[PDB]
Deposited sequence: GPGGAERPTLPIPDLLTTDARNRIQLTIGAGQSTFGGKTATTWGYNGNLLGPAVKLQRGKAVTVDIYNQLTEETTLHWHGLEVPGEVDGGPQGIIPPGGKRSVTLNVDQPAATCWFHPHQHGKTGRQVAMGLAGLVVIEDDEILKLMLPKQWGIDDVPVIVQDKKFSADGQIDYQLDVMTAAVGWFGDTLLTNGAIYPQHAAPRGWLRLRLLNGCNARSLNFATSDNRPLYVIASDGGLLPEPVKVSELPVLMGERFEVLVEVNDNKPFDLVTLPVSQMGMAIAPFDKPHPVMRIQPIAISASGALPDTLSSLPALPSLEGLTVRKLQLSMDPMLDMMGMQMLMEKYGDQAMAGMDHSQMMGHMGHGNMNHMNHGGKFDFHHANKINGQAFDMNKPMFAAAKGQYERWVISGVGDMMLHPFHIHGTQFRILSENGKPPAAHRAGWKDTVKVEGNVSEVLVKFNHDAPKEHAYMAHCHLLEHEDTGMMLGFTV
């Protein structure tokens, strides 16, 4: 097996700058070459390393021949640097942003957010990581050797055409159920191996799929200890036997590594339209972990961090967000899915503006509302009326889930999140915005099933 590719951990240079170049190159998948896009490379991207309270400048060079934007998913930053659909970087051009991180240590990530083209640009290869550090997390003595016992694991599916090229399409079927494929990539590689020292292995998991939800487990049923969610550390580790991860979500886990016993990280079949078609009808290997005997000091602390109590709900502004899909899209998309793949596609169960929030497909010129600044609000997001999975993402914030699709959140999902599951039921989140976002650079709130976002299921809001 190939070794697990390790993204460069990229810090500021002598001028306090970080350079990202967006460009097209070539990658090889199963011995077939494909045109791919990457940040500072042919595919995916580096891990940008930030320190809480230390402002840096990021220079972003777009060397594609089309427009793109660079969104920092999970970062609590002003709208002006948020890199949403309004943050256009011309082909051949450059945009610079100041990032002054004012949030706890976390694994965030970045990716394009081009209006109606986000699914395609991510599918082509564009994604990178953000590693935020603070004073607190370094005192913990977690596994911290980047690429050795602290490793990023970006998991993505793709589909390829016979000629080996990435086979992306935004059509009525994918607008309904998402773009998904039959080939699983792990930091861009197919079923790589990672050699990890005996002791604790820290995995920073990112579901970077367009539309496929994942569910991580180990091949020999050793548990995963969740230590962080989207927005950082949990108050204490949460032991799980399997770990569902929605599109765009991150979790950090520790897993035990003992000699003479390699094991796989796998993903388990999920109950999501279309996502259990072979080879995903059975547990699917993600990567092989090979124990080695080199230095490792990491530990699993009893206590990780301190999370504030939920604020009182009384008096809080309530914002209602009704997600919906045009009945025609729902009908025709599910029909095409069924026709193409048959019964297995439901195992466990103008389209360009057919997906909507509050009866409106995304209008970049009209933010739906102005949220308060520095005040908690309660946002209620409903997927009642269709059966699709909507990982709902809100820019500019790390929030607390109050209720997730009809139940209180699981322990490992009760900390800082920027995504919440909405699937045929209703979710509630407690959100606060610490930074400005004017109409010209509004925040987005949207489904992170990228084909839904690209066909309308997004709103803008100001702070």
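What the model leaves out of the deposited chain are the segments 1-6, 356-378.
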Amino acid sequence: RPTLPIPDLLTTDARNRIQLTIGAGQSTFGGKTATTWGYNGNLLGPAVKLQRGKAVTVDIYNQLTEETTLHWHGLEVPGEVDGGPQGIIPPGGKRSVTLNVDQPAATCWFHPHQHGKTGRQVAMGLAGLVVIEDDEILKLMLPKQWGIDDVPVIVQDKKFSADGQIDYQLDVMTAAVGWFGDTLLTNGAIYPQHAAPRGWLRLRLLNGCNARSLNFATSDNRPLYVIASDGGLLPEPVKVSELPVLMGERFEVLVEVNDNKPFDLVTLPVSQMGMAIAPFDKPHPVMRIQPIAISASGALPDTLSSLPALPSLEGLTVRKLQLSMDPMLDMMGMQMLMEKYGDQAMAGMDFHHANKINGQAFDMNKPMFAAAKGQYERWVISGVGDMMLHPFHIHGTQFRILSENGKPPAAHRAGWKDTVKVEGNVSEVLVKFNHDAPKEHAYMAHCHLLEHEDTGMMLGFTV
From here on, numbers count along this sequence of modelled residues.
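Basically, rigid core = biggest C-alpha set you can superpose within 1.5 Å across the two forms.
In terms of root mean square C-alpha deviation after superposing on the rigid core in 7 other deposited structures of this protein, the stretch standing farther out between 219-227 and 253-261 is 253-261. Annotation: of the segments 293-301 and 93-101, 293-301 departs further from this form in 7 other deposited structures of this protein (C-alpha atoms, root mean square over structures and residues, core superposition). Look at the C-alpha B-factors of 134-142 and of 155-163. On average they run higher in 134-142. Taking the mean C-alpha B-factor of each stretch as recorded, 417-425 and 49-57 are not equal, and the higher mean is that of 49-57.
Across 251, 109, 369, 216, the greatest Cα temperature factor reported in the deposited entry is at 369. The PDB entry assigns the greatest CA B-factor among 349, 127, 105, 185 to 349.
When the modelled residues of the chain are ordered by their C-alpha B factor, residue 364 lands in the highest third.
Sort the chain's modelled residues by C-alpha temperature factor and residue 433 lands in the middle third, per the entry.
Ranked by C-alpha B-factor against the other modelled residues of its chain, residue 200 falls in the middle third. Ranked by Cα temperature factor within the chain, residue 24 sits in the middle third according to the deposited record. Residue 38: CA B factor in the lowest third of modelled residues in this chain (values from the PDB entry).
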